[PDB]
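Enquirer: Okay, here's the structure, questions in a sec.
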Amino acid sequence: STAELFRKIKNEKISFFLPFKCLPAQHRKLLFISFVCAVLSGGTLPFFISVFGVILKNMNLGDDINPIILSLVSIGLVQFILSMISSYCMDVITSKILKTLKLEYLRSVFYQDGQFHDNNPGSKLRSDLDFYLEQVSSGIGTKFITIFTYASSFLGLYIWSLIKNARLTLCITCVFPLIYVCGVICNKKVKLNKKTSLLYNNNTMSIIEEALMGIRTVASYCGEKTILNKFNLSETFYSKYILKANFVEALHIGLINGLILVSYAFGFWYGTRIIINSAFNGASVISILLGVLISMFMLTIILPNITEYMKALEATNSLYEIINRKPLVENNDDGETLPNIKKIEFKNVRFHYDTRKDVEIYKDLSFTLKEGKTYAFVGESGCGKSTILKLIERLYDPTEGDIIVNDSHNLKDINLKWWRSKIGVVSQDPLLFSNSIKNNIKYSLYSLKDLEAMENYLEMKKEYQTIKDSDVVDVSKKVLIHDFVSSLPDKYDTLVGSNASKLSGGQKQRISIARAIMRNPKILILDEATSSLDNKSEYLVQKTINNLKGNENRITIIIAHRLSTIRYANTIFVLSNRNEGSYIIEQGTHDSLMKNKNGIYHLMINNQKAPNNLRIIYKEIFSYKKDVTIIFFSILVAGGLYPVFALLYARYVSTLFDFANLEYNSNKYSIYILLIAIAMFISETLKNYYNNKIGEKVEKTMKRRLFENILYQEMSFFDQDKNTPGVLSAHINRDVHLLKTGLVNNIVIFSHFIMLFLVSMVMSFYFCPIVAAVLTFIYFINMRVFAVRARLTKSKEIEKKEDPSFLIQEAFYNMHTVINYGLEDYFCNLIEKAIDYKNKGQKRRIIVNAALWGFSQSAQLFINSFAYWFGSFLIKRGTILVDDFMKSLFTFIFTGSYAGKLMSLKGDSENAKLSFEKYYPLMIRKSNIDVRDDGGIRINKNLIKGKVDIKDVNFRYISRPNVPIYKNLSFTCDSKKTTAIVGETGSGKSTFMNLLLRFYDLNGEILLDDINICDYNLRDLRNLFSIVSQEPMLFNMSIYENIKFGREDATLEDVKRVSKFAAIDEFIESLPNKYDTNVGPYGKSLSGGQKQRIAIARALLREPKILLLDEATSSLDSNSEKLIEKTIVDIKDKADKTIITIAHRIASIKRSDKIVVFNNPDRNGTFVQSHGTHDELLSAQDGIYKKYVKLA
Ligand SMILES: O[C@H](c1cc(C(F)(F)F)nc2c(C(F)(F)F)cccc12)[C@@H]1CCCCN1
C-alpha cells in the first residue's frame, strides 16, 4: 500500500529531488516546460463534458451543431501537440541521468578497499546494476507526468459540477466510501488465509526434494506410498484455503459492478425530482453524473504510478549508498614520496581475515630489501604468498606489523599511487584484455606519464600516442617472442584473444613480463615468474631479469616453484609454520643452505632436485459438468444484459425533454436498471469463482501422475545429468501453475468477448446499418493495421534489451589486471563508445515514439466528433430519426469500452503449451523395472539359507563405455558365515551391492541357490535384505516413523526391543516427545552416531534374512565401535542369517571365515586373487592381507 511506504519514508526524509541532481542547469527548465504542457491537457474533458449535454439537446430538438465541432477539434489539435512535446523532453532527461549514474557506479566499483573485492564476488554486481536500471528506466518517464493531467481533470470536473449544482452531487457521492471499506475488509481476510496457504507449500517442497535426493534408500525398503499419502494430505489444505481466498477475491469484483448502476439510478431520480420541483434545465443533468463518475475513476489509475515512483526512489537510495561507500586504502596523491625506495623493512607482520576474525597466518615476517641486490625465494603450496604480494601492493594492511621503509617512513606516509607506480608485478595466469598486442604494453607508462602533466600544468590525453612502437621490439627480442610474432601474419596487429583466448599462455606471460620490465619500476618484482615453463626459455628469461638495463638499482625478487633455478641468491628466506603464524625457518644462500643440515630445505632439494496432447487436457475439463453449465449461463447473462443498459439509457434521455408524462417514465425506467444491477452482481460473482475451482483440479491431478511415475523409474534414468532434483522440482511447481493461470484464464475471456462482439454488433446493425459499417471500418483500420501500442511496445522492447555490451563484461574477469594499470583509461573508453552510438539512432527513435504517443491520447475525440457530425447530417435531409442513431451508437461505444477493459487479464498461454510437451513423456515414459509387476515366483521367507554364487561377471557403466571395472569375478558365500572383503580402497567394492538389489541389470551371471535372479517377484527379493550405507539418511518424519519406514505394521514395543541392540534406547528417554520429536531436514538435528544406530535399528526391525554392511565404524568412537562389533558377533553367533561385510580393521576380520580379496594390477578391472586366509594363513604366498595386518 502507498500509505505504508509513505509512513516509512516519513522519518528518514529521502529527497524527492534525488534523481534530478546529476543534471546541468540547462535541463532545469526544459523539464519545467513539460509541467505546463501537461496541465493544459487536463482541462480538456471539462469542456467536452460541458458541451456533451448541449449537443444532445441540440440534436433531438432541431437546431444545428456546427460551431461547437470546430470549437472542439482545435482543442483536440493543441492537445496532440502538447502531448507530443513531453515525451521528447522526458525520455532524453531520463537517458541522461541513467547514463551518468552508471558512469559513477563504475568509478565507485573501481575504488573498493581490496577486502570488498573479496566480499562481493564480481559478476554479481554486473547482475545487480542492470536490474536496478529496469526499475528506474521505466518508472519515472511519461507515467510521472500522467499524474498531473488526471489531477487537473479531477479538480476541474468536480468543481465545475459543484458550482453548477451542489446538493445533487453531495447526495450522489455517498456510496464510494463503502467501496474502500469493503476493499480493506476483504484484503485482510484474503491475506490471513493466503499466508497459511503459503505455509502448507514448503512442506510439500521439502517432501519432494528430500525424497528425490535419497532415492535408493526408498527403493530398498519399498516406502513409496507413505510419501504419497503425506503429499496428498498436505496438498488438500492448500487447495481448500486458496479456494476460500478466491471466493472473497471474486465477490468484491462482482460487487463493484453493481453499485455504480444504483448510483446512476438514484442520481437521475433525484434530478427529475428537482426538475419537477423547480416550477436549471435537462442538459445540465446528463453531464453532472458522468463528471462525478469519471472524476472518481482517475483515483484508480493514479496510484500505481506513485508506487512505481517510490520504488524508483528507494532503488536509487539503494545505489547512492554504494557510490558513497568509502574504502580504507585510498588511491589519493596526498602521500609523500622518497627520492627512491630504500630499505623496505618488515617486522612482526600480523593480519587476520576481516571475515574470519580468529585465524592468523603470519607471526614474524621480517627482513630487508635494498636496491642493487639479487634474491630467490620459494614457498609451500599453502603459505599465502598471495597475501604477501597483496601487502606489497597494499590491498590490505597489517594489524600489528609495519611496512617501515628507509628506517624513517612507513608505507602509510607514502603515496599508494607512487608506490604501485615504481613496482613491476607479474602474477600466476595470463588473464589479459583483448585490445591488441602493443596496447597491453604502451598504456602501462600512463601510470607515470600522468605525473609529467598533473604536477606540471589536459596534456595527459595527447601524450597517449607519443609512446610509439619502439620498446615492443626490444622487449620482444629479450623474451624470445620476437621469433613468433615476426612469423605469423599481422605481427603487432592480430590482437591478444577475446579475454586472452587465442594465443599461447606462456607467451602472454612473456607479455606480462614485458609490462613489468617496460614500466620502469625502481623495484622490479616477480611472483610465480616461472611456474610452468620448460627449461631453456625459463633460463633465458632468468638471464633477462637478473641482468636488465642498469641492474645496480633494483630489487630483483623472484618466486619460482622449481628448485633448480634458485641458484643465485644473496639470501633465501624460505619459511614454514609448523598454527597461529609463520616464521622464516631457513636463512642462507643456495650453496650454504642445502648442505647445512638435514632440514626442510634439504628435503625440498632432495625431492625435486501433437494436438492429441492438449485434448487430453480438454477431455479432463469436459467431465465436470456441474461447473461448466453454470459458467456458460453466467457468460450468457452478462453478455446479454450489459448492452441493454445502453438502449435503456438512450430511451431515458429521449424521454427527458418532454415535460409531460415524466414521472411515470422515471419510475418505470429506473427500476429496470436496479434489477439489471442485481442480476449483474450474481453473474460476475459466479463467473470469477468456478474458473479457479476448475483450475485447481487439473493441477492436483497432473502433479499426482508425475510424482507417482517418477518414483518407479529405474536408476539409469537418474544417473543422467539433466535428471537433476532441482529441475524436476522446478517443473512440477512452475509449469503446472502456468497450466492453471495460462489456459483456463484464456478460454473464458475469449468466450465472453465473442458473446459481446456478436450480440452488440448484430443488434447495432438492426437500428442503423449506415453508421455501423463506418464505425467498424474505422476501428478495423485503427487497431489491426495501425496498432499504435503494439508498434510502440515493440520498438521499445527490442532496443531496450540492450561496444558497451562487450567491454563491460570482460572488464570484470580481469579486475586483478586493471590494477596493474588502467583506472580511467577505460572510464573514458566507454563514454565515447556509448555516446557515439546512442544519439544517432536515438533522434529517430524518440521523435517517432513521441509522435506515436501524442497520437494515441487524442484519437477517440476526433472519431466521436466525426460521428456526431455524420449523425446530424443525414437527419436534416430526413433519412433516419434521432433515437435509432443514439441506440446504434451508445451500445457500440460502451460495449467496446468494456470489452477492452476485461481483455487485459490474460496469462501466459504459449509457454505452458510448450512445456506440456517437454514433460509429457515423463508421466507415460517406460521404465522396464516396476515393483508393481508381480510376474514371478514368490520368496517365502522361511525356506532360505542365503547361498550366493557368481558364475562370471564383466560389468561397465554407461556413463563411460570405455573403463572396464570387473574382469570375470567369481566367488561364493555358502550359509550363515561371514565373508569379509578386503581390497584396495576405492577399487569399486561397494558396487556389487547395487547389482544384487537390481538397481542395474545384465554381461554377467549371479545365482541365488543356483537360480537366476530375474524370476523372483523382485518386491520379495528386496523384502529379505537390509543395507548400511556410509552415511544413512533421516527424513523429516518422526523417529517412530523413521524406524517404521518400510514396514507400516509394527508395535512401539517391538521398536523398543530392536532399539536395544543398537544401544540407543536410553538417550531417547532423555527429552519430551521421545518417539514423537521430529528430526530436522536431512537428519541435521542429531549426531552421526545416533544416526547410524537408528539406521541399524531400522535395518534390524525387518528381521532381515541377509545383511549387507559397508564401512562399519569409519569415524565412531571406540565405545560405540565395540558395542556395534559386539552386536555383530552376537548376531553372527545365531543361525538363520547370512552376513557379508566390508570392514577396515583386523578387530572384526579375525572372526572372518573366508576372506576374499580384490586387486588392481593395472587400471582395467578387478578379480579374485586370495581366498581362505581365515586369520590363520595370512601370507603363505604374496598377498595384501599381510599389508592390512601389519598396517592395522
Ligand atoms: O472507456 C473508458 C475511456 C475513458 C476516457 C475518458 F473519458 F476518461 F477520457 N477515454 C478513453 C479513451 C481515450 F482515448 F482516452 F479517449 C480510450 C479508451 C477508453 C476511454 C475507460 C478506459 C479505461 C478502462 C475503463 N474505461
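Each residue's number is its place along the chain shown, starting with 1.
Determined by electron microscopy, 3.5 Å, according to the entry header.
The backbone N, Cα and C atoms fix where each Cβ goes, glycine too.
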Enquirer: Same topological domain name for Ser123 and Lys668 in Swiss-Prot, and hence the same side of the membrane?
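Expert: The record shows them split across the membrane, with topological domain names that differ.
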Enquirer: Have a look through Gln465, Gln860, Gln1030 and flag the one Swiss-Prot assigns to the ATP 2 site that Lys502, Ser504, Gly506, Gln507, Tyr957, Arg960, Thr985, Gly986, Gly988, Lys989, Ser990, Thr991 belong to.
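Expert: For ATP 2, Swiss-Prot names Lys502, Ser504, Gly506, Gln507, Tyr957, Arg960, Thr985, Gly986, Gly988, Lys989, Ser990, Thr991; of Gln465, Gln860, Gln1030, the listed one is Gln1030.
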Enquirer: Which of the three DSSP-derived classes (helix, strand, coil) applies to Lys385 (ATP 1 binding site)?
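Expert: The residue in question, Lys385 (ATP 1 binding site), is helix (DSSP, three-state).
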Enquirer: Just the number: how many Å between the Cα atoms of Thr387 (ATP 1 binding site) and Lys502 (ATP 2 binding site)?
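Expert: Each residue's Cα considered, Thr387 (ATP 1 binding site) and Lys502 (ATP 2 binding site) end up 31 Å apart.
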Enquirer: At an 8 Å Cβ cut-off, counting only pairs 6 or more apart in sequence, do the transmembrane segment (880-900) and the transmembrane segment (35-55) clear the bar of 3 or more pairs?
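Expert: No, since the transmembrane segment (880-900) and the transmembrane segment (35-55) share fewer than 3 Cβ pairs closer than 8 Å, they do not count as touching.
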Enquirer: For the ATP 1 binding site, please report the maximum Cα-Cα distance among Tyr353, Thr355, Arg356, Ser381, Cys383, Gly384, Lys385, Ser386, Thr387, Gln428, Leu1086, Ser1087, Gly1089, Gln1090 in Å.
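Expert: The two farthest binding residues have Cα atoms 47 Å apart.
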Enquirer: What Cα-Cα separation, expressed in whole Å, is found between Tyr957 (ATP 2 binding site) and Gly1089 (ATP 1 binding site)?
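Expert: Between the Cα atoms of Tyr957 (ATP 2 binding site) and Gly1089 (ATP 1 binding site), the distance comes to 33 Å.
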Enquirer: Out of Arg356, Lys502, which of these binding-site residues shows the lowest number of other CB atoms within 10 Å of its CB?
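Expert: Each of the binding-site residues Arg356, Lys502 was scored; lowest Cβ tally within 10 Å is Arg356.
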Enquirer: Same-chain Cβ contacts of the topological domain 'Vacuolar' (56-64) under 8 Å, 6 or more residues past its ends?
Expert: 281-283, 286, 653-654, 657, 868, 871-872, 875, 882-883
Enquirer: Cβ under 8 Å, sequence separation of at least 6 from the ends of the transmembrane segment (768-788): give me the contacting residues as numbers and ranges.
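Expert: Distant Cβ neighbours of the transmembrane segment (768-788) are 761, 852-853, 855-856, 859, 863, 867, 870-871, 874, 880, 884-885, 887-889, 892, 896.
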Enquirer: Within the same chain, where does the transmembrane segment (35-55) have neighbours whose Cβ lies under 8 angstroms from its own Cβ atoms, ignoring anything closer than 6 residues to its ends? I mean 6 or more beyond.
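Expert: Result: 65, 68, 71-72, 75, 78-79, 82-83, 85-86, 145-146, 148-153, 156-157, 160, 282-287, 290-291, 294, 857, 861, 868.
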Enquirer: Sequence-remote contacts (6 or more beyond its ends) of the topological domain 'Vacuolar' (649-668), Cβ cut-off under 8 Å?
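Expert: Distant Cβ neighbours of the topological domain 'Vacuolar' (649-668) are 56-57, 60-61, 268-269, 272, 275-276, 282, 285-286, 882-883, 886-887, 890.
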